[PDB]
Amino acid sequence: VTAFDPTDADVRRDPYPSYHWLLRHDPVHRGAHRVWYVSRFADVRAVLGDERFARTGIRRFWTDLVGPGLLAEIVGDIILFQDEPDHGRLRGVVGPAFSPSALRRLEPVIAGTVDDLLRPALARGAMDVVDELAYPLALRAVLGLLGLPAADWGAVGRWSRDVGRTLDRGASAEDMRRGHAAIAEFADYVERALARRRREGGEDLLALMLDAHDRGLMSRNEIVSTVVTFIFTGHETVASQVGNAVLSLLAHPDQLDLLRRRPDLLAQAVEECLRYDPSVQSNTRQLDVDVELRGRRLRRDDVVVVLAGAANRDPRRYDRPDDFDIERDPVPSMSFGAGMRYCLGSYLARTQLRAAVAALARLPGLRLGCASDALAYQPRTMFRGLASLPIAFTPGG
């Protein structure tokens, strides 16, 4: 692997042989376009806990790339684009809404919505897990978190993908026009939700943000941008992970049987899915100062990508790392990051993946609806996710 490129077609559909080489021969690697790639668990964790590997250079590049106006002003304010102290401020505001305690309200909602999504599939004995389970579930869950009407999932998912794809460095004139068009409609939506809370009340996350705005801790734009942040990152990551999880279990029929026979293994089966095929393969940073790493000299202003996908396959951390083992000891992975930017939504994620996998393993005759090889990953670099995952089972469920 002379210069690693995640945009390469081979790497898009199975990056794991590239990773194996990387963490064995070049753990801190200068890849395509002079982007550094960090592979090993120890180093990934090192980078993520270091504020010097920052997001500000990425924000400024992106806002000047999209140009002046509503899109720049709103998406410019997103938490993913901030360093301290703005990052700490926004995280302090929304943080308490994501506690396991604060999220018990959603358990029956999420279990319930998995049921409702399975429901039209049962008599058919077939389903595309991506279209019909993964995406709606993830969108309904993050809407519930916010306190927004869960029936708006489609419209809001669309706005968020149109806006979100505008951060994808491989952009289009078409993507852009749609992004600018969707941010306007999206912003209206949120303002109408805020006004409803202004006049009616609420105890939801959107209400907690509106209150933070009143105490001057958060601007109107920051509320809108936080809403956009959660919906976009909240739904694509979870949806793709539900798909990957089901694939991981279908690919390993014996592991599926074990879980089916031993339902107590659900929690760690999910952990293993997160470990083995994470929907977020990597995260980007840009250095504010020279930093030394495994003898490599990474320069001020260099772009640095940490590979959560590779770090999860690190032999220094995991015995037989390339094997899918649901009975492995649940030892924390990199799938939710570390340090300052650790995943606020990890519990919400787990609740969804547990409910989705529980309901699907419970199905007699569960199998792939197509051939193993006909599967295809989505064209974007931002997440690892299937375009389609047809499954079949015994009609009746």
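For every residue, the number given is its place in the sequence shown, counted from 1.
K.L.:
Would you determine, from the values in the PDB entry, which of 325 to 333 and 49 to 57 has the greater average C-alpha temperature factor?
P.N.:
The deposited B-factors put 325 to 333 ahead on the C-alpha mean.
K.L.:
I need to verify one thing: averaged over C-alpha atoms only, is the B-factor higher for 286 to 294 or for 223 to 231?
P.N.:
286 to 294 has the higher mean C-alpha B-factor.
K.L.:
Which of these has the highest Cα B-factor in the record: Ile110, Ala184, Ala134, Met127?
P.N.:
Highest C-alpha B-factor among the listed residues goes to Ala184.
K.L.:
Going by the entry, which of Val35, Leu344, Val28, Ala42 has the most elevated CA B factor?
P.N.:
Answer for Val35, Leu344, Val28, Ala42: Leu344, with the highest C-alpha B-factor.
K.L.:
Consider only the C-alpha atoms of the modelled residues in this chain, order them by B-factor as the entry records it, and name the third containing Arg313: lowest, middle or highest.
P.N.:
CA B-factor rank for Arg313: middle third.
K.L.:
Please place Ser18 in the lowest, middle or highest third of its chain by C-alpha B factor as given in the entry.
P.N.:
It belongs to the lowest third of the chain when residues are ordered by C-alpha B-factor.
K.L.:
Taking only the Cα B-factors deposited for this chain, tell me whether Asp162 sits in the lowest, middle or highest third.
P.N.:
CA B-factor rank for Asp162: middle third.
K.L.:
Compared with the other modelled residues in the chain, in which third is the CA B-factor of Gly202?
P.N.:
As the PDB entry reports it, the C-alpha B-factor of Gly202 lands in the highest third of its chain.
K.L.:
How does the C-alpha B factor of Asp152 compare with the rest of the chain: lowest, middle or highest third?
P.N.:
It belongs to the middle third of the chain when residues are ordered by C-alpha B-factor.
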